Amino acid sequence: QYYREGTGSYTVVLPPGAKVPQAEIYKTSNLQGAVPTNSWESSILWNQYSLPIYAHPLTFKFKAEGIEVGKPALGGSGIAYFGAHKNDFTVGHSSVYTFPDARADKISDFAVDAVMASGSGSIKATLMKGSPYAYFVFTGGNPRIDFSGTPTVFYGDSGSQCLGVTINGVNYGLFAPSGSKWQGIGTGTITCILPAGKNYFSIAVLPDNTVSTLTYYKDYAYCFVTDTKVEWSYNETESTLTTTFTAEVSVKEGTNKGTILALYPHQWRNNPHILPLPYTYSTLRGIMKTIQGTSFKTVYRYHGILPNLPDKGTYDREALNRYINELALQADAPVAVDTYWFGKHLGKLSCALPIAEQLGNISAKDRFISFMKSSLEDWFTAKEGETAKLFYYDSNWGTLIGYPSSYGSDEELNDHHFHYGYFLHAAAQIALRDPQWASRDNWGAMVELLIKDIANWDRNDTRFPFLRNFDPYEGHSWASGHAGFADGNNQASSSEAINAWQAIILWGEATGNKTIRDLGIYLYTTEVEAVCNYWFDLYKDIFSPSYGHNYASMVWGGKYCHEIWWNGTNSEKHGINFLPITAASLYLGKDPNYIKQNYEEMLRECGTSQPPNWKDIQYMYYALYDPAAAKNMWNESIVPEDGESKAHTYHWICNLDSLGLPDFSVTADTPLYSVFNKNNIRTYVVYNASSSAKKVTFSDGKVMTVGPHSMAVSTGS
Ligand SMILES: [Ca+2]
Ligand SMILES: [Ca+2]
Ligand SMILES: [Ca+2]
Ligand SMILES: [Cl-]
Ligand SMILES: [Cl-]
Ligand SMILES: [Cl-]
Ligand SMILES: [Cl-]
Ligand SMILES: [Mg+2]
Ligand SMILES: [Mg+2]
Ligand SMILES: [Mg+2]
Ligand SMILES: [Mg+2]
Ligand code: NA
Ligand code: NA
Ligand code: NI
Ligand code: NI
């Protein structure tokens, strides 16, 4: 049947030939509502056991015997750097040597509980991103710790409560209940003889082999993490985005209450709200610092986005208008009609629409808006017997899938944020112009279902899991639905994730929905912060000296590398983390010197003096360092990348030529703004999406009054 949402609808009738994710979900009866996907723990759900689980600092893998535990040995040189999962020891069971599967029982914002059970025993494991601990509860027998070789025992004996061990050069604590004994010390398998009535057991990866360190880790070893939560707040007055991270602990014994949290660089860098412990871990993501506590916060400065750049460029206006007319002839001509390529086309129209309006090209404006609306209205309606341009709800997993699908959006739940971000961008641009169309009673209900599929914010709405594609702790998104790879989950295009997030900001502000807007600000701001570290390494302290590049195109749980999914040029390899370039893409230019370094690396790698291909994308990027040079190199012979247009490319470059480069040293008390700086002259741009005039104040003292539903630009003091 069919479910009405405002004036649109989705279906639960699968079109003929259409494919869905697998029927089998390796979950327990405790995991209710829509099933989380697109994360680091996801392979537990899709595979009988799991693929490697990249929590950090620890990694894991489920198998018939139990749970492999390890700390990756970092290495590699050149095109990739590796932190592969390896087995330092397997947490097995004294009487159950073969478990039939591993099933997810509970998934929180940065942890997972999984259960392995036979009729005669079980292990329940809690794996946590940002913890040096892993926590276990046994039934039917004892922990049987099967080491990869024989460990060195640096502390403890058969009668001690804990052991300090070293295996593969990695120090661990093994923490048993008071009253436990240990059998098999000196062999490759140590069994923890649990006392009657106590069945909890934990391990930690330690930063050293001192007894003092082991004592500190023992102090918190019995504070088992039972829930993890993020919360966020956008402060409009201060232009900041605050995120709180909270772990709930259940104290299994002792009088200590707390835990040790490990923080990635995007969390600890320049963070005045923490007092790190001495302990660090060297990980694939850089140095993880540690803190004592069950909560911490991060606070980032938000620098605004715009719905478009203003009409301030040094372009030949008649040529720009002609480019708009050239695009208008192709307004109804997507290169392909699956969700992804249809999206790319909708993004192209979304970026050209305001340029047509600025020029007074009503014919082209009308062609663009008409196609955007008619196509969204088609996609957002599932007609009986329709096989293309519709959304289907899978109620096994709990996901909205558009048909026709592509690149595993259907069977693998890949990439929904990438695909749907383009649809959301188009919807937002319509909403800024037409509050009637975007209302919940009209097309806004279906729009918000796409938002919920990729980024549901409401933990009580069980139709979609909480924040599907975004990983709150790594601070970025994940592309694979299942993470069914040795190297875990992956994301290549961070810029396509950010496109979805900027679109959510615009939608929320256009519709007056502060919850959705602030969700967008949270996602956007945090992903940008992660991107600046793990993709661009702006601070020059993430990437190994042995890694041969200043840029990683793909980030995995277990590696990062300068590769892409097809045999493209090095221009393509760099460009996938720029496109789509929108008026939310100024973050790419946080460090103009990095723009220069990144572009020059790309040229060296191509063996050319200009980009061999994707020259439009590359010159838009280079314009964040030298717009005059980018304008000079640009020309009409360039065949646009399929999601781009000559009009939008040249409007971008020529506006930066006039306005200057983005200036991140100034903020404002409004959500839609940007500041530009040309040779120390600032230009301030604001968009007011509300129905009342706004007074906008910048941190340097600039004040602008901006009328309802308008863009304003002011240069100088
Ligand atoms: Ca339809
Ligand atoms: Ca149709
Ligand atoms: Ca997620
Ligand atoms: Cl002890
Ligand atoms: Cl106690
Ligand atoms: Cl004309
Ligand atoms: Cl339809
Ligand atoms: Mg499984
Ligand atoms: Mg062994
Ligand atoms: Mg360095
Ligand atoms: Mg030129
Ligand atoms: Na190349
Ligand atoms: Na074009
Ligand atoms: Ni490169
Ligand atoms: Ni030309």
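Residues numbered from 1 in each chain as written, not as in the entry; some residues may be left out. Chains lettered and ligands numbered in written order. Heavy atoms only, no water.

Its PDB header names X-ray crystallography as the technique used to obtain the model and reports a resolution of 1.4000 Å.

1. Let's talk about the packing of aromatic side chains
To describe a pair of aromatic rings, one takes the distance between the centres and the angle between the planes. Scanning all chains against the criterion turns up 62 aromatic pairs. Aromatic side chains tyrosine 547 and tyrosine 560 sit 5.1 Å apart centroid to centroid with 80° between the ring planes, which places their arrangement in the edge-to-face category. Linking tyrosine 547 in the loop between helix 11 (514-534) and strand 30 (554-556) with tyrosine 560 in strand 31 (residues 559-561), this pair joins segments that are 13 residues apart in sequence. A relative accessible area of 5% places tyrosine 547 in the buried class. Residue classification places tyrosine 560 among the buried positions, given a relative accessible area of 2%. Grouping aromatic residues by their ring pairs yields a cluster made of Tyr133, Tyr135, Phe175, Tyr200, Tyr216, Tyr217, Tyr220, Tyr222, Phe224 and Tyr279. Over the face of the ring belonging to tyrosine 534 we find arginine 285, whose NZ or CZ atom lies 5.8 Å from the ring centre. When the ring centre of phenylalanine 466 is taken as origin, the NZ or CZ atom of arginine 459, which lies over that ring, is 3.8 Å away. (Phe/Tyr/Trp six-rings, centres within 6.5 Å; stacked < 30°, edge-to-face > 60°. Helix = DSSP H or I, 4+ residues; strand = E, 2+ residues; numbered from the N terminus. Buried < 20%, exposed > 50% of the residue type's maximum accessible area, 1.4 Å probe, protein only. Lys NZ or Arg CZ within 6 Å of the ring centre and 35° of its normal.)

2. Topic: the coordination of the calcium ion (ligand 2)
The coordination sphere of the calcium ion (ligand 2) contains the protein donors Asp378 (OD), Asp378 (OD) and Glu386 (OE), at a distance range of 2.4 to 2.6 Å. In this structure, the calcium ion (ligand 2) lies 3.9 Å from the calcium ion (ligand 1), and both are coordinated by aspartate 378. Among the residues examined, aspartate 378 registers a relative accessible area of 30% and is labelled partly exposed. (Donors = N, O, S within 2.8 Å, 3.2 Å for Na, K, Ca; no water.)

3. Observations regarding the sheet that holds strand 19 (residues 223-235)
Spatially, 19-20-24 is the arrangement adopted by the three strands of the open sheet, whose pairing is antiparallel. Across the chains shown, the open sheet's two edge strands, defined by having one partner strand only, are strand 19 and strand 24 (295-301). The sheet shows a mean angle of 15° between the axes of neighbouring strands, direction not considered. Where strand 20 (residues 240-251) lies against strand 24, seven bridges are found, and the strand directions are antiparallel. Paired with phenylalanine 245 across the strands is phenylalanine 296, a residue of strand 24. Along the sheet, helix 11 contacts strand 19, strand 20 and strand 24; its crossing angle with strand 19, the most-contacted strand, is approximately 110°. (Pairing = 2+ DSSP bridges. Axes fitted to C-alpha atoms, helices over the stretch in contact; angles between N-to-C directions. Contact = heavy atoms within 4.5 Å.)

4. Overview of the packing of helix 7 (residues 416-433) against helix 10 (residues 494-510)
Contact pair helix 7 / helix 10: the axes reach a minimum separation of 8 Å and the direction vectors enclose 30°. Viewed along their axes, helix 7 and helix 10 adopt a mutual orientation that is roughly parallel. Both helix 7 and helix 10 take part in a crossing whose hand is left-handed. On helix 10, the residues that touch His417, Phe418, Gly421, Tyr422, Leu424, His425, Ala427, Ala428, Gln429, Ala431 and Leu432 of helix 7 are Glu496, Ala497, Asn499, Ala500, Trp501, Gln502, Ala503, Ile504, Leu506, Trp507 and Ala510. A breakdown of the residues in the contact of helix 7 with helix 10 according to their chemical character gives 15 nonpolar, six polar and one charged. (Parallel < 35°, antiparallel > 145°, perpendicular 65-115°, else oblique. Left-handed = near helix turned anticlockwise from the far one by under 90°. Nonpolar A, V, L, I, M, F, W, Y, C, P; charged D, E, K, R; others polar.)

5. Focus: the packing of helix 9 (residues 440-455) against helix 10
At a minimum axis distance of 12 Å, the contact between helix 9 and helix 10 shows a crossing angle of 140°. Judged by the inter-axis angle, helix 9 sits oblique to helix 10. Relative to helix 10, the crossing made by helix 9 is left-handed. Residues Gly444, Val447, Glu448, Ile451, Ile454 and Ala455 of helix 9 touch helix 10, and the partners they reach there are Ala500, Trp501, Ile504 and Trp507.

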